Every structure is written in C-alpha cells, then in structure tokens.
Colleague: 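Got a structure here, written out as structure tokens. Questions coming.
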There are 4 protein chains.
Amino acid sequence: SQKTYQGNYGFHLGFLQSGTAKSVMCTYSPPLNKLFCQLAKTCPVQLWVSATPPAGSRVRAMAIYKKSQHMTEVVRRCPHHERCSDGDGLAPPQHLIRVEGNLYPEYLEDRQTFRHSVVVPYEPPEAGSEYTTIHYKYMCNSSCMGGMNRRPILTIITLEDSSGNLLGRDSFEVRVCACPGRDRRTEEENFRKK
Amino acid sequence: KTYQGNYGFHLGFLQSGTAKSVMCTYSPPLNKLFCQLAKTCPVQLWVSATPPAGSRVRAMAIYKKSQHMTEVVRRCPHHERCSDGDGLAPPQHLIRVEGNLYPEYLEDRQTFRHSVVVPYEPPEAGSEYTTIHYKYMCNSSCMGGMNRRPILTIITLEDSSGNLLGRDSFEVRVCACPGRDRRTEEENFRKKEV
Amino acid sequence: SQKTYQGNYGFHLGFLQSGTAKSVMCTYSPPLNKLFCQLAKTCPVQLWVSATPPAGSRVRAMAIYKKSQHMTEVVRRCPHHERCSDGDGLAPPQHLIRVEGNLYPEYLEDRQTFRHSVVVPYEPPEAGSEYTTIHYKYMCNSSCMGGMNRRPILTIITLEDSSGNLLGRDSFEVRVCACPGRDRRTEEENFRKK
Amino acid sequence: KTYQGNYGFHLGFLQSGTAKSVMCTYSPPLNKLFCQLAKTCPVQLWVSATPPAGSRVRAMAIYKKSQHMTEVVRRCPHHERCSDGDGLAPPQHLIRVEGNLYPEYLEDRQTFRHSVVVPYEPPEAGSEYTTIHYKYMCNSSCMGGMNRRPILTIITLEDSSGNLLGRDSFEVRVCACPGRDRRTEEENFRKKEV
DNA sequence: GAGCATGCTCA
DNA sequence: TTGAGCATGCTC
DNA sequence: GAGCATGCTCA
DNA sequence: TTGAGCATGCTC
Ligand SMILES: [Zn+2]
Ligand SMILES: [Zn+2]
Ligand SMILES: [Zn+2]
Ligand SMILES: [Zn+2]
C-alpha cells in the first residue's frame with residue numbers, strides 16, 4: 001500500500017511529462033507524488049521494468065484512503081454516480097477505477113476485504129519504448145458526498161505473476177477534481193512550507 | 001398562484017433578531033427563506049376568518065424555473081439513503097413537518113409530486129397566527145437532487161374535501177450558511193434597486 | 001401560416017418582456033417578430049384573447065419553413081437528434097416542437113401533408129392575468145445538418161374549437177441557436193437597413 | 001506504431017503546388033493531411049524491397065486522443081443515410097478507396113472497427129512509389145460522428161496471411177477549407193517553434 | 001460571454 | 001472553381 | 001480559465 | 001454554536 005518495492009524486476013511507475021494538452025484534464029505533481037485529474041478523463045500511467053516479467057504477468061490497480069483513520073473503508077463511487085448511466089458495459093457501477101483501451105479487463109471485489117480492483121494483462125513496451133502505458137479513469141470526484149467525501153486516496157499499482165504473487169508495487173496519491181491545474185498549484189504552494 | 005381566498009389566508013415569517021435566525025432567516029425583498037439542512041423552520045399561517053371545520057394545510061416543493069418545473073422535487077441519492085428518518089416521513093421526501101404526531105405524506109398519483117398535509121389548527125389564544133414547523137432534508141446544492149436549482153414551497157389551505165381555500169408561496173434555499181447567502185442574494189438584488 | 005387573423009375572439013400572441021435571466025436562453029425580437037432561443041430550452045409564449053373561447057377549445061403549434069422554396073418540406077428534427085435519448089416519454093423523436101408543463105399534450109402528424117403539430121387544451125389566464133402561458137421547446141438548432149439546415153422557420157399558433165375549426169391564428173419566426181442574444185443583435189443590426 | 005519493417009515501408013504525399021492541393025494538402029510539420037469531404041486523396045506507398053506475393057494494404061481510422069481511442073470511427077447519422085454510396089462501400093464507413101473495382105470493406109469481429117483493404121501493387125515502371133486514392137466521407141466536425149475529434153489514419157502493409165509487414169500513419173482533418181485550416185494549425189504550431 | 005472554430009454564401 | 005467574409009457551435 | 005458559488009475546517 | 005477563510009464544482 002504505502003510501501004513501494006521494485007522487486008526483482010525493478011518495477012516502478014512513471015507519469016506523463018508536463019507541457020501537453022492532456023495536462024488540463026490530467027497533471028502529475030512530482031514533489032507530492034500526486035495525480036490531479038478530472039472525472040471520467042483518461043490518465044496515462046507508465047509501467048517501468050528493468051527486466052521482462054514472467055509470462056502471464058498481470059497489473060492490478062486499487063484505491064485505498066490515505067488517512068489511517070479511513071484506511072479500512074472501501075473506496076467506492078458515491079450514491080449518485082453509482083446510478084448514473086455512464087457504464088462502459090464492462091466496469092461495475094460501484095467501481096471508482098476503470099481501465100480504458102482494454103477489451104478484457106477483470107473487475108474484482110475481494111471476497112474478504114471487499115475492496116475493488118481492476119486487473120489487465122502485463123504487456124511489454126512497444127518497440128523503441130522503455131515503458132508500457134495503461135490509461136485509467138476515476139469515476140468520482142474526491143469531493144463526492146457519500147463517496148470519497150473530500151478524503152484523499154492512493155492508487156496502488158501492483159505487478160503480479162500468473163498465480164497472483166506480488167512481483168512489484170508502486171503508488172501515488174490522487175485528487176479527482178474539476179480544475180486539476182488550479183488544485184495542483186494550491187497544494188504545491190501549501191506544500192512549500194518546510 | 002397566490003390568492004388569500006375567502007379566509008384572508010397568507011403566510012408570515014418570524015421577524016429578524018432571534019438566535020433562530022442563524023439556522024433560518026427570511027428575506028422580505030426576495031420572498032425567500034434561507035435555512036440549513038434538517039433545521040426546523042417556523043412558518044406562520046394567517047387568516048381573517050375561521051376556516052371550515054376539518055380544514056388542512058399542505059406543503060409542496062416545485063422548481064421555480066419553467067425549465068425544471070415538471071421535474072418532481074426530491075432528495076438526492078445520498079440523503080435518501082441516510083438513516084435520518086423520523087419513522088413517519090418517507091425517505092425520498094424533501095419537506096418534513098416537525099412536532100406533529102400525525103402528518104400525512106403524499107405522492108400524487110398523476111404528477112408524482114410529494115407533499116405533506118397536517119390539520120389546520122387555530123392560533124393559540126392571544127396569537128393572530130398559527131405556526132407550523134417544516135424541515136428541508138437536502139441542501140439546494142445537493143448533486144443528483146435539487147442540484148443548485150432554486151425551489152418554491154407552496155402552502156395551500158384546503159377544506160376537508162381537498163378544495164383549495166387559499167394559497168401562498170415562498171422561494172427556499174437550503175444551505176450551509178443562510179445569513180451569508182441571504183446577504184449575497186440581497187446585495188445582488190439591491191444592485192438595481194437604488 | 002403567414003396570414004394572421006385575430007378572429008371573433010381577438011386572438012394574438014405575446015412574448016416575455018426583456019430584462020430577465022430567461023433572456024439568455026430565450027429572447028424575442030419585436031421589429032423582426034422573431035424568437036431567438038437555445039435548443040431544448042423552455043420558451044414562454046403568451047396567448048391573448050378579448051373574449052372567452054368556446055368550451056373545449058384547443059391551441060395547436062406547428063412549424064413551417066419561411067422560404068416559399070422550402071414551404072412544402074416538412075420541418076423535422078435532423079437525423080442525429082432524432083436518435084438522441086432526450087425524449088420526455090410523450091413527444092415522438094422526430095418532432096421539433098414539444099410542449100413543457102403538460103401531462104397530456106397531443107402530438108400529431110397530418111395524414112395528408114405529414115406535418116407535425118402539438119395540441120394542448122386552451123386554458124384561460126390565471127386570476128388577475130390578461131394572458132395564458134404555454135412553454136414550448138425546439139429540439140434542433142436552425143443550423144442542424146440534414147434538418148432545418150440553416151433554413152429559418154415560422155411557428156404557427158392556431159386557436160381552434162372542439163371540432164377543429166380555426167378561431168384565430170398568429171405566428172412568429174424562430175431561430176434556434178447557441179447564442180440567442182448575439183444572433184438577435186446580428187439580425188437586428190442587419191435589419192437596420194431600410 | 002510506426003515501423004518500416006523488412007521492406008522499408010512508409011508513406012509519402014504529393015508535394016505542394018498542384019491544383020489538387022485545394023482539395024487535399026499535406027502538412028509535413030504536423031504529419032497531418034487536410035482534405036475536403038468525398039475528395040480523392042492520393043497517398044503514396046514506399047518500400048525498399050518487393051513485398052511477398054499476395055501482400056495487401058489496409059486503411060483504418062482511429063481517434064487520436066486516448067479519451068476517445070476505443071470509440072469506433074464512423075460516419076455521422078446524416079451522411080450515413082445520404083445516397084452517396086458507390087455500390088461497394090458500406091454506408092457507415094468513413095474511408096473509401098477510389099479507383100479499385102475490388103476493395104474489401106471490413107468490420108473487425110472484436111473491436112468492430114472499419115477498414116478497407118486492397119491488393120498491394122508495385123510502383124508503375126519508372127516510379128519509386130505506389131499511389132492509392134482514399135476518400136473520407138464526413139467532415140471532422142460532423143455532429144454525432146467524429147464531432148470535431150481529430151483522427152489518425154493507419155496504413156499497414158500485410159502479407160497474404162494478414163501478418164503485418166509495415167505500418168505508418170498520419171493525422172487527418174476533413175474540412176471545408178483545407179488550405180485555410182492547414183495554415184491556422186501550422187501557425188499555432190509555429191507559435192513555439194521559433 | 002469571448003474568442004476560437006468552421007461550414008456556407010457571394011462575386 | 002476559389003478564397004474572403006459571414007455565419008455559428010464549442011471551449012473554458 | 002475566471003469568478004462566482006458553497007459546503008467544511010478552525011479557533 | 002458561529003462566522004472567516006479555505007476548499008471546489010459550475011457558469012459562460
Ligand atoms: Zn461521485
Ligand atoms: Zn441531499
Ligand atoms: Zn438537430
Ligand atoms: Zn458526416
């Protein structure tokens with residue numbers, strides 16, 4: 001979760017460099033290791049490895065509340081959006097994180113913790129690339145009443161083999177909001193105190 | 001829609017300068033009540049003559065703008081599912097009457113609009129009006145509900161058979177800070193009055 | 001159509017006076033007898049009569065292209081909007097004009113000319129009012145490709161008795177567009193040449 | 001997605017300064033073709049070695065932005081129903097090949113994407129490239145279709161079995177005035193180049 | 001709402 | 001047949 | 001994007 | 001319990 005290890009494959013995440021039109025809907029903050037994005041907008045997250053993972057490897061994405069006081073609560077879409085008609089025909093209505101660009105994502109709910117997660121097969125970079133890109137979408141604002149309700153979350157991306165064993169793990173905070181650029185500057189300026 | 005009828009029926013609101021004003025404050029220039037969610041709002045019933053025996057008072061909410069007037073005013077998805085019920089009011093109803101052991105919560109079979117009805121009671125000896133306490137269970141801003149759309153509360157005096165005897169109305173804004181918001185709307189309004 | 005007669009009841013239309021927030025979505029131009037409005041926005045049209053119409057009277061609204069070269073073509077929604085999911089559960093998908101605020105409008109298609117029209121019962125003004133208001137909605141922009149395709153239209157409002165006989169008739173041009181205020185000024189300034 | 005393969009495959013476009021430029025003009029700095037609706041666009045196929053016998057060339061359109069990349073690119077509701085068919089191309093297809101009596105119009109059974117395939121033909125004696133003429137049947141602005149969303153045309157060289165031999169691509173903007181629009185996008189682009 | 005984005009009209 | 005200028009929805 | 005619109009945090 | 005100021009989606 002909060003702990004990130006590269007494992008035997010040197011796994012870790014990367015984010016889009018600044019200076020692109022995508023920045024308006026999705027912008028990453030290095031000093032805060034936090035992604036600021038708008039609701040239902042595709043966010044390109046990069047997967048970096050120093051060695052090819054075993055055949056059949058998978059990449060899972062899960063959201064957990066950052067504050068230890070809310071860590072046990074399952075992150076889910078608020079009552080309103082869970083009922084909106086925005087389903088892609090693949091993602092369940094209550095899931096916050098969706099993968100865009102994949103015909104066969106696996107949307108899971110842990111039988112014990114009841115946490116939602118989405119899994120897609122691991123794919124190596126395109127020829128001439130040092131990373132693989134997976135586009136994610138967050139279907140609720142961090143402010144949504146009855147949902148995240150202004151509570152910040154962390155997205156945990158874990159590399160696992162075909163059997164479900166962890167091969168690597170990385171994470172980043174996320175704020176789904178109306179104005180990513182504005183809100184990112186705010187938190188960064190506020191951060192400039194130490 | 002505002003007629004006093006044969007009984008001089010019209011509404012009244014408590015004058016300013018009371019601790020209650022913080023949670024509920026009426027604006028004469030805008031004929032608009034500003035109140036907090038779930039807080040009791042005292043509305044006064046005034047008549048020039050005693051209504052026929054068995055008369056009733058109905059409260060109903062409708063969106064003020066013709067653009068949304070046909071949409072039934074109801075609580076948003078989140079609050080409907082909160083456990084704030086009083087054991088009398090249906091979960092979807094926005095307006096609840098406080099202090100009455102026997103209110104009637106109705107849904108019109110044709111328009112599907114919600115309304116609450118209580119018996120008409122004469123003023124207490126020494127008073128010139130009757131007070132009914134209402135509570136609004138969603139903010140005007142609630143996503144998936146009123147969603148920032150202003151509403152009007154329509155109070156009608158009816159005989160035992162359901163015939164209208166009189167009708168009055170006022171705009172309502174349920175919000176976190178009634179005082180602040182009332183001033184804001186009044187100042188804007190006054191920005192044309194001088 | 002183009003000819004307007006008040007009949008034995010002095011029937012004629014009236015429009016909302018300027019200086020209201022509604023003006024942004026719906027604004028009438030007197031010198032051009034033209035209504036500029038946005039798509040799917042409620043337009044309050046006033047019905048004026050000097051005498052009470054016979055019991056069972058009806059008010060019909062129909063759209064016809066203004067140019068004699070297109071007069072024979074039936075005005076309908078373009079291919080795209082006819083398939084959008086904006087139906088109110090009462091109006092057929094191809095109809096341009098819809099009535100808002102009525103539970104029982106009659107949406108018709110002339111068996112011979114195939115022209116669409118919507119009919120609602122005539123209702124007298126509210127007490128203290130000199131006119132009756134009917135809210136209409138136009139479901140396509142005048143510019144819609146494959147629909148009105150930049151061709152201006154006329155809305156014909158006719159008062160008819162219970163049997164379908166004409167009692168009165170009035171009309172006005174309409175431009176459904178993105179910016180009513182902007183476009184109204186444009187045509188008015190252009191009109192200022194004579 | 002751009003690799004020349006073992007046959008040095010890549011695309012070429014006619015140089016500027018031809019009457020054709022008015023209906024079809026390529027922009028080197030933006031690797032973007034600007035063309036009018038239904039106008040033939042000559043695309044050049046270049047290879048350094050003769051492809052295996054039975055090779056084919058496929059053309060497919062995809063939305064450039066990851067936000068819309070999964071949505072199948074197709075003609076809008078209006079043009080699909082226009083009677084501009086050539087008796088070969090399905091009504092919903094955006095890209096049509098001109099000058100070939102036997103093109104194959106396909107729809108992938110899984111992604112449902114449209115594509116058109118024609119046999120690979122060697123350059124005419126004396127030429128260093130092969131020309132294929134394509135037509136785009138909707139403007140990039142068509143409502144209910146591309147709806148102002150930029151697209152990419154992907155041309156792939158494949159052997160007789162369907163295996164990719166090479167692949168290249170270019171952005172496309174179908175519009176009313178290619179020259180004007182090309183300059184506009186280039187000037188903006190140049191507003192960072194100096 | 002402004003300004004940008006874009007098909008259509010006019011000579 | 002071709003822009004130039006007018007006409008018009010969309011971005012923020 | 002700016003500025004307005006509004007619930008929540010803090011003392 | 002109450003604003004003041006901060007936090008944030010929506011209007012145009
Ligand atoms: Zn939500
Ligand atoms: Zn609510
Ligand atoms: Zn249309
Ligand atoms: Zn089209």
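Throughout, a chain's letter reflects where its sequence line sits, starting with A, and its residues are numbered from 1. Scope of the values below: all heavy atoms of this structure, side chains included, with no hydrogens, waters or symmetry mates.
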Colleague: Reckon A:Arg182 touches a base, only the sugar-phosphate, or nothing at all at heavy-atom distances under 4.0 Å?
Modeller: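 The residue A:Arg182 makes base contact.
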Colleague: What nucleotide among G:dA5, E:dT6, G:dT9 has an atom nearest to a side-chain atom of D:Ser141?
Modeller: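 Nucleotide nearest to D:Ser141's side chain: E:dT6.
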Colleague: Without hydrogens or angle criteria, can the side chains of C:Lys22 and C:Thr42 be said to hold a donor-acceptor pair below 3.5 Å?
Modeller: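 Result is yes, a qualifying pair exists.
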Colleague: For H:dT11 and G:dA2, is it a pair or not, if I count Watson-Crick and G-U wobble only and require both distances under 3.5 Å?
Modeller: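 Yes; the pair between G:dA2 and H:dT11 satisfies the definition, which requires both distances under 3.5 Å.
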Colleague: Quick one, F:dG5 with E:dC8, are they a Watson-Crick or G-U pair at under 3.5 Å for both distances?
Modeller: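 Taken together, F:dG5 and E:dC8 make a base pair (Watson-Crick or G-U wobble, both distances under 3.5 Å).
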Colleague: Give a yes or no on whether G:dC10 and H:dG3 pair, Watson-Crick or G-U wobble, both distances under 3.5 Å.
Modeller: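 Check passed, canonical or wobble pair found.
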Colleague: Both donor-acceptor distances under 3.5 Å, either Watson-Crick or G-U wobble. Does E:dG3 meet that with F:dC10?
Modeller: yes
Colleague: Would E:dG7 and H:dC6 pass as a Watson-Crick or G-U wobble pair if both distances have to be under 3.5 angstrom?
Modeller: no
Colleague: Within the 4.0 Å heavy-atom criterion, would you say A:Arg175 contacts the bases, only the backbone, or no part of the nucleic acid?
Modeller: sugar-phosphate
Colleague: Do the bases of E:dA11 and H:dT2 pair up, Watson-Crick or G-U wobble style, with both gaps under 3.5 Å?
Modeller: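 No.
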Colleague: With a 4.0 Å cut-off, would you call B:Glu186 and B:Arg182 a salt bridge?
Modeller: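 Judged by the 4.0 Å cut-off on N to carboxylate O distance, B:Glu186 and B:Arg182 do form a salt bridge.
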Colleague: Which whole-number value in Å describes the distance from A:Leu39 CG to H:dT8 P?
Modeller: 15 Å
Colleague: Can F:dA7 and E:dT6 be counted as paired, Watson-Crick or G-U wobble, both distances less than 3.5 Å?
Modeller: yes
Colleague: Over how many whole Å does the gap from C:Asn149 atom CG to E:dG7 atom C1' extend?
Modeller: 10 Å
Colleague: Ignoring the backbone of B:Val22, work out which of F:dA7, H:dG3, G:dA5 is nearest its side chain.
Modeller: H:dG3
Colleague: Other residues, nucleotides and ligands only: do more than 12 of their heavy atoms fall within 6.0 Å of CZ on C:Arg185?
Modeller: no
Colleague: Can you measure B:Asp181 atom CG to H:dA4 atom P for me and round it to whole angstrom units?
Modeller: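 Rounded to the whole Å, the gap is 13 Å.
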Colleague: Given F:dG9, G:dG7, H:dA7, which nucleotide is nearest the side-chain atoms of C:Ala178?
Modeller: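 Of F:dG9, G:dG7, H:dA7, F:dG9 is nearest to the side chain of C:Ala178.
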Colleague: Separation of C:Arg185 atom CZ from F:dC6 atom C1', in whole Å?
Modeller: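 So the two atoms are 15 Å apart, to the nearest Å.
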Colleague: Will you find, in the side chains of B:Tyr134 and B:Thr153, an N or O donor that is under 3.5 Å from an N or O acceptor?
Modeller: no
Colleague: Taking atom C1' of H:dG9 as reference, at what distance in whole Å does atom OH of A:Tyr138 sit?
Modeller: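 That distance rounds to 20 Å.
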Colleague: Watson-Crick or G-U wobble, both distances under 3.5 angstrom: are E:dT9 and H:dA4 paired?
Modeller: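 Paired, no.
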Colleague: Tell me the interatomic distance from C:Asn190, atom CG, to F:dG5, atom P, rounded to whole angstroms.
Modeller: 16 Å
Colleague: Take the protein atom CD of B:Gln36 and the nucleotide atom P of G:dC8, then report the distance between them rounded to whole Å.
Modeller: 11 Å
Colleague: For the side chain of A:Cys179, starting at C-beta, report the closest nucleotide among H:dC10, G:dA5, G:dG7.
Modeller: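 Comparing H:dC10, G:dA5, G:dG7 against the side chain of A:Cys179, the answer is H:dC10.
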Colleague: Round to a whole Å and report the spacing from NZ of C:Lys22 to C1' of H:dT11.
Modeller: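 Atom-to-atom, C:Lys22 to H:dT11, this comes out as 15 Å.
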Colleague: As a test of reading the structure: which of F:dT8, G:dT6, G:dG7 is closest to the side chain of B:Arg148, going by heavy atoms?
Modeller: G:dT6
Colleague: Decide if the gap between the ring center of D:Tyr26 and the ring center of D:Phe170 is smaller than 6.0 angstrom.
Modeller: no
Colleague: Is a salt bridge present between B:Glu80 and B:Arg75, judged by a nitrogen-to-oxygen distance below 4.0 Å?
Modeller: no
